[PDB]
Structures are given as structure tokens and as C-alpha cells.
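# Structural characterization, general
The lines below spell out each chain.
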Protein chains: 2
Amino acid sequence: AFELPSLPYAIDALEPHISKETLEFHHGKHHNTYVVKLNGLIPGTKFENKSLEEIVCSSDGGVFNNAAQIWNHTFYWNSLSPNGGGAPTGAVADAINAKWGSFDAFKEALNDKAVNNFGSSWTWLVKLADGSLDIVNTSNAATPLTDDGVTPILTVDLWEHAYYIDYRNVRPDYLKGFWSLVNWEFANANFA
Amino acid sequence: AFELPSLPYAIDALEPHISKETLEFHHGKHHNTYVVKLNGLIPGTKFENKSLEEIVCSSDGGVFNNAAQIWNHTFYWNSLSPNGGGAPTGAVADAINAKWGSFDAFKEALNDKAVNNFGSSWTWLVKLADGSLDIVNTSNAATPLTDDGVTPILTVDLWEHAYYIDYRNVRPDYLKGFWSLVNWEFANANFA
Ligand SMILES: OC[C@H]1O[C@H](O[C@H]2O[C@H](CO)[C@@H](O)[C@H](O)[C@H]2O)[C@H](O)[C@@H](O)[C@@H]1O
Ligand SMILES: OC[C@H]1O[C@H](O[C@H]2O[C@H](CO)[C@@H](O)[C@H](O)[C@H]2O)[C@H](O)[C@@H](O)[C@@H]1O
Ligand SMILES: [Fe+3]
Ligand SMILES: [Fe+3]
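Judging from the entry metadata, X-ray crystallography is the method by which this structure was determined, and 2.10 Å is the reported resolution.

### Description of the relation of the copies chain A and chain B
Superposition of the two copies of the chain requires a rotation about an axis together with a shift along that axis. Between chain A and chain B, the superposition needs a rotation of 179° and an axial shift of 0.1 Å, giving an RMSD of 0.3 Å. The operation mapping one copy onto its partner corresponds to a two-fold rotation axis. When you check the interface residues of chain A against chain B, 100% turn up at the interface there too, and the contact is symmetric in its surfaces.

### Some words on the coordination of the iron ion (ligand 4)
Residue and element names in this part refer to chain B. Taken together, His26 (NE2), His73 (NE2), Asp157 (OD) and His161 (NE2) make up the protein donors of the iron ion (ligand 4), found 2.0 to 2.2 Å from the metal. Classification of the site at the iron ion (ligand 4) as irregular follows from its four donor atoms and the range of 88 to 150° in their angles at the metal. Sequence spacing of the donor residues for the iron ion (ligand 4), all on one chain, is H-x46-H-x83-D-x3-H. Linking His26 in helix 1 (residues 20-41) with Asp157 in strand 3 (residues 151-157), this pair joins segments that are 131 residues apart in sequence. Of the two residues examined, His26 and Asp157, each falls in the buried class.

### Let's talk about the nonpolar core
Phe106(A), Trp184(A), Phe106(B) and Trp184(B) are the most contacted members of the largest nonpolar core, which has 116 residues in total. Counting residues per element, this core draws most heavily on helix 3 (residues 61-78) of chain B, which supplies nine residues. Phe106(A) has contacts with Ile96(A), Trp100(A), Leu125(A), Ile135(A), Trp179(A) and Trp184(A), leaving out every residue within four places of it along the chain.

### Describing the coordination of the iron ion (ligand 3)
All names here are of chain A. Every protein donor of the iron ion (ligand 3) is listed here as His26 (NE2), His73 (NE2), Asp157 (OD) and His161 (NE2), and their distances to the metal cover 2.0 to 2.2 Å. Taken together, the four donor atoms coordinating the iron ion (ligand 3) and their angles of 90 to 145° define a geometry best described as irregular. Since its relative accessible area comes to 0%, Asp157 is described here as buried.

### Quick word on the UniProt feature "binding site: Fe cation" in chain A
All names here are of chain A. Within the UniProt annotation, "binding site: Fe cation" is assigned to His26, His73, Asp157 and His161. Taking the farthest pair of C-alpha atoms as the criterion, the annotated set spanning 136 residues converges on one region, since that pair is 12.4 Å apart. Tracing the sequence through the fold places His73 in helix 3 (residues 61-78). Among the polar contacts listed, one links the side chain of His73 to the side chain of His26, at a separation of 3.2 Å. A polar atom in the side chain of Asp157 sits 3.2 Å from the side chain of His73.

### Examining the pattern of salt bridges
Counted by the stated rule, this structure contains four salt bridges over all chains. With a closest N to O distance of 2.8 Å, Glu21(B) and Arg168(A) form a salt bridge. Taken together, the residues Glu21(B) in helix 1 and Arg168(A) in the loop between helix 6 (164-167) and helix 7 (171-181) connect one chain to another. With a relative accessible area of 29%, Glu21(B) lands in the partly exposed category.

### Some details on the sheet that holds strand 3 of chain B
Residue and element names in this part refer to chain B. Read across the open sheet, the three strands follow the order 2-1-3; overall the sheet is antiparallel. The two strands at the open ends of the sheet, each matched to only one other strand, are strand 2 (133-139) and strand 3. Across the sheet, the mean angle from the axis of one strand to that of its neighbour is 25°, orientation sign disregarded. Both strand 1 (residues 121-127) and strand 3 contribute to a ladder of six bridges, which runs antiparallel.

### A closer look at the packing of aromatic side chains
This structure, assessed with the given rule, holds 33 aromatic pairs over all chains. Ring centres of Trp100(A) and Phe106(A) lie 4.8 Å apart, and the angle between their planes is 45°; this geometry places the pair in the tilted category. Plain terms: the ring middles of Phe178(B) and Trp179(B) are 5.3 Å apart, the flat faces sit at 80° to each other, and that makes the pair edge-to-face. The two residues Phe178(B) and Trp179(B) agree in class, both being buried. Here the aromatic cluster, defined as three or more aromatic residues joined through ring pairs, consists of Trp71(A), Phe75(A), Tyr76(A), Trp77(A), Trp122(A), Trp124(A) and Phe186(A). One residue, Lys99(B), lies across the ring of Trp100(B), its end atom 5.8 Å from the ring centre.

### Digging into the site of ligand 2
Every residue lining ligand 2 is accounted for by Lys113(A), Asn116(A), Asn117(A), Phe118(A), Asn137(A), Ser139(A), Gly61(B), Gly62(B), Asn65(B) and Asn140(B). The residues that come close to ligand 2 belong to more than one chain, namely chains A and B. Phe118(A) is positioned with one of its backbone polar atoms (N or O) 2.7 Å from an oxygen atom of ligand 2. The contact in question runs from an oxygen atom of ligand 2 to an N or O atom on the side chain of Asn137(A), over 3.2 Å. Taking 480 Å² as the accessible area of ligand 2 by itself, protein coverage stands at 54%. For the shell around ligand 2, the secondary structure elements donating two or more residues are strand 2 (133-139) of chain A together with helix 3 of chain B. Residue classes in the shell around ligand 2 are distributed as one nonpolar, eight polar and one charged.

Quick notes on the rules
- Residues numbered from 1 in each chain as written, not as in the entry; some residues may be left out.
- Chains lettered and ligands numbered in written order.
- Heavy atoms only, no water.
- Least-squares fit on C-alpha atoms.
- Contact = heavy atoms within 4.5 Å.
- Donors = N, O, S within 2.8 Å, 3.2 Å for Na, K, Ca; no water.
- Tetrahedral: all angles 85-135°; square planar, octahedral: opposite > 155°, others 65-115°.
- Helix = DSSP H or I, 4+ residues; strand = E, 2+ residues; numbered from the N terminus.
- Buried < 20%, exposed > 50% of the residue type's maximum accessible area, 1.4 Å probe, protein only.
- Core = buried A, V, L, I, M, F, W, Y, C linked by side-chain atoms within 4.5 Å.
- UniProt positions renumbered as here; feature names shortened; annotations may be inferred.
- Polar contact = N/O pair within 3.5 Å; in protein donor to acceptor, adjacent residues only side chain to side chain.
- Salt bridge = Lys/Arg side-chain N within 4 Å of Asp/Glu carboxyl O.
- Pairing = 2+ DSSP bridges.
- Axes fitted to C-alpha atoms, helices over the stretch in contact; angles between N-to-C directions.
- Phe/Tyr/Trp six-rings, centres within 6.5 Å; stacked < 30°, edge-to-face > 60°.
- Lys NZ or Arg CZ within 6 Å of the ring centre and 35° of its normal.
- Near = heavy atom within 4 Å.
- Areas by Shrake-Rupley, 256 points an atom, 1.4 Å probe, with all protein chains shown as cover.
- Nonpolar A, V, L, I, M, F, W, Y, C, P; charged D, E, K, R; others polar.

Here is the structure:
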């Protein structure tokens, strides 16, 4: 069966941006529930012996909601880092300049998409088939991982459990936290 | 310009089921925000002079998300009361018996609809064209108000801000608070 990946850092490693408690519920409870829920759904079904990605790329309903959420979340914890934040670097920094003209322009473009992403959703930095960076929003469990020629680069969870303990209703404050945490390294690895 | 309706009871009136804080953020911030956003979008569009209900039955995208959320929320506040909870009464109680056989059947039915309502959503007790009761789920800002022949009776907000402060990730606990607060007098008024 599937297992809950270990967090890539200490539970308080992302303080003061994302709290030890948010990580305890978000990773320890929510992510974990998606994993039990998927395990509880695959016994004696096609998805029996398949990899997570194989499953998301081939299901609908409950199996997809749960599998995608497991993948989307693991992608999310990686998008954050106790040593991330600040100016982008290497190849990603450059492709962001190619696309938006500047990092600041990219930042404002992402924020806009994220604050306005209606309901439980996800906002992604992606690499397109033409090799260019773009920002796309997904709702609930939808993930670009299932889009041909689209390479997820980074993601921001916008379901309210991701920031309500720490920022209540103000997404902009949460996003301020994300930019302090952004894992550019994970970003460049995915990009290249 | 639309306005934030006043809360039907004191901010601590739903304690311990729904805290003073949830109400301050939920009613005082979340709901207020929809009001300001729709008030910001109507000017210069074919909605300027229409009623809230008129807007939500004819709008799209942003104007709809907003107007509907205002309607849904106003309905939601009325579905709770410091003097509600417990067994259904009068007309609604007997209709529940007619459809589900027993109040408990109805209840287990509804809880199951609500608990599995993926992402931001609403679970509704609606009165159908045939005169019977049914439970239906909408996601994000969708509302049965836009379905002809379908009269909305009660609703439970399932967006996470509605319960996270008080219950974190456990919707069933939230639902326990909802059944302690159900406003049967409002349900019966809408049914009659
Ligand atoms: O995994 C169970 C089902 O979850 C989804 O359906 C639920 O959530 C929807 C909103 O996201 C509701 O409208 C619906 O009423 C719920 O049952 C999923 O779409 C279903 O295919 C799953 O079977
Ligand atoms: O009012 C702004 C827009 O809100 C919705 O679209 C946003 O939220 C969607 C998810 O619910 C995202 O997919 C989308 O990218 C966001 O822009 C609404 O559907 C749009 O019509 C509104 O313009
Ligand atoms: Fe999440
Ligand atoms: Fe709400």
C-alpha cells in the first residue's frame, strides 16, 4: 500500500511562515488521510499494483481525488524549504525573467492567480512544452501532472486548511509566507 | 449597494457549537468581503439595478461567485439558532419521516452527504417540485436557488473556514454542532 512520505524537514523548520501546528494537521492528518483513503479504495481493483502517478493519470472519482491529493501534497512539501525564500536562482530565475520580464512581475502575477483562485484549489508554476514557464490554477484535486507536455515546477496549496490556523482569511499573508519559503532548488531540479 | 445583513443573534449565541471567533471571522470578515466584492463589480454592468436573487439567477463567473456566496451565507446564518437543535417539528418533521422513514435515517443520510462533499461546498436540505424533501450538495458558490421547482430549506456551509478554528479537520464534529443548532422554525417557514 501507499505510505505517507516523511516531511522533508523538522515540523517547526518552516516557522514563522508556516506553523508547527499547521504542519501537524496538514501533513500529519490531512495528507495521511488521503493516503489511508486511497489504500482503502484500491484493494482488489485495477489500481491494485500501480504507482501513484499511474493512478492519478488514470482515475476519476474517489480514487483520483485521493491519489492526486497525495501527489499534489508531496509536491507541495517539496516546494517549501527552511532554506528557500528570496530571489530565484539558476535556470528558473532566468526563465522567469524570459516570461514575465522580472521576478517582481512574476511574483505579482502568481499572487493574483492565487488570491483569486476561487475555493479549495491549487496554483502552480509550470514549464510548458515550448520550454516556457507559466502559472495555472487547478481546483480541488486537479493537478497539471495529467496535462500532456506540462511539467509541474512548484505549487501553492490554497485549500483553507493550508493557512487558516496561521492567517485566517488573509491569503496575501499566507502568500508572503510562501515567498519566504519557496524551494528554488526543487524548482530548478524539476525545470531541468 | 448590497449590505452585510446583521447576525440573527449575539456572536456567542451558538457557543459551544460554533464559537464567537468563527462567527467574527465567518460573518464579520468572509461574508462582509463577498458583499464588498459584488458591490465593486455591479456598477456599469446589466446588474446595477437587480435584486440579489435576481443577480444570482442571471450571473456568471465573478459576479455569480460573489452574489451567490452572499445569498448562501445569509441563508446559512438563518439555518442556525441558539434555540434550535434536537428533533424536527411540525411540517418539516413529518416530511422528513415521509421521505427517509425516520429522523435518524435522514440525519445519517445528510451527514454522509456533508462529510463526503469534496472541497469547498454546501450540503442542502431542499424541497423538491413534487413536494418531497431531498439532500443535495453544491460546490464552491453553486446554490439550489438557481434550480427551478427546487425550494431551499436549510444549508450547512462546508468550506473549511466554517469550522477549522473550532474543529480542525473533523467535519463530523462540526456536524455534531450543526445538529445542536439546526433552526427548525426557519426550515418550516421555507417549507410552508
Ligand atoms: O470520493 C467520493 C466522491 O467524492 C466526490 O463527490 C463528492 O463531492 C462532490 C463535490 O466535490 C459532491 O458534489 C458529491 O455530492 C460528493 O459525493 C467525487 O466527485 C465522486 O466521484 C466521488 O465518488
Ligand atoms: O472572480 C474571479 C474569477 O473567479 C473564478 O475563477 C477563479 O477561480 C477559479 C477556481 O474556482 C480558478 O480556476 C480561476 O483561475 C480563477 O480565476 C471564476 O470562475 C471566474 O469566472 C472569475 O473571473
Ligand atoms: Fe492541503
Ligand atoms: Fe462560508
